[PDB]
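Have a look at the structure below, then the notes.
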């Protein structure tokens with residue numbers, strides 16, 4: 348979608364492995380704020396928006 | 943109230959300890975007052991700060 | 398220490414980083430005291446095909 352019409356997807360009831368995404372050179376930018384991108388697999392989340 | 947001079951002393955010490963305990967809830971500028979929540983979320987370069 | 402990687406992986410050569418290169422190829426300590434230098438070697442280390 349266009350940047351002014353940014354799309355939002357709710358993510359819940361699913362396990363995800365953000366380690367294969369940080370280890371991917373396909374992503375030109377991977378920057379996290381308030382939580383380290385490395386230590387992600389231990390964290391447990393209650394509401395995820397994309 | 944006849945023994946207030948001693949009861950107040952007891953209260954003062956209890957109050958001091960309660961204040962000290964309450965001091966554990968303060969952030970002091972940190973992202974969280976809970977040390978375990980910082981340790982589980984940040985890499986050393988930021989967790990140490 | 399000298400080696401060759403590709404540009405998208407240069408972000409892994411830093412203290413406290415994780416990834417294919419940082420975890421399985423070349424790991425820098427958290428207390429690393431030194432320098433990291435990198436330059437584009439396309440004219441030397443790239444081959445057609």
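Chains as they are written, first to last, in PDB author numbering: chain B, 348 to 397; chain C, 943 to 991; chain A, 398 to 446. Just so it is clear, CB atoms sit at the ideal spot from N, CA and C, and this is done for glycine as well.
Take residue i and list the residues in its own chain whose beta-carbon comes closer than 8 Å to its own, dropping the five residues that flank it on each side.
i              : result
residue 356(B) : 396 and 397
residue 975(C) : 966, 967, 968 and 969
residue 348(B) : 354
residue 962(C) : none
Let's test the definition: count the other Cβ atoms within 10 Å of the Cβ of residue i and tell me whether it reaches 16, buried, or not, exposed.
i              : result
residue 983(C) : buried
residue 297(B) : In the structure as shown, chain B starts at 348 and stops at 397, and residue 297(B) therefore has no counterpart that could be examined.
Out of the options, point me to the one whose CA is closest to residue i's CA.
i              : options                           : result
residue 987(C) : 399(A), 428(A), 403(A) and 438(A) : 428(A)
residue 971(C) : 949(C), 944(C), 979(C) and 991(C) : 991(C)
residue 401(A) : 432(A), 436(A), 431(A) and 430(A) : 436(A)
residue 404(A) : 430(A), 431(A), 439(A) and 432(A) : 439(A)
residue 985(C) : 349(B), 380(B), 351(B) and 352(B) : 380(B)
Output needed for residue i: all residues of its chain with C-beta closer than 7 Å, excluding positions within five of it in sequence on either side, in chain order.
i              : result
residue 442(A) : 401
residue 981(C) : 989
Any chance the segment 360-367 of chain B sits against the segment 386-394 of chain B, with 3 or more Cβ pairs inside 8 Å?
Yes, since at least three Cβ pairs between the segment 360-367 of chain B and the segment 386-394 of chain B fall closer than 8 Å, the two stretches touch.
Inter-stretch contact (C-beta, 8 Å, three-pair minimum) for the segment 412-424 of chain A and the segment 369-384 of chain B:
A contact exists between the segment 412-424 of chain A and the segment 369-384 of chain B.
Using 8 Å as the cut-off, can you tell me whether the segment 405-413 of chain A makes contact with the segment 422-432 of chain A, which would need three or more C-beta pairs spanning the two stretches below that distance?
Flag = yes, the segment 405-413 of chain A and the segment 422-432 of chain A touch.
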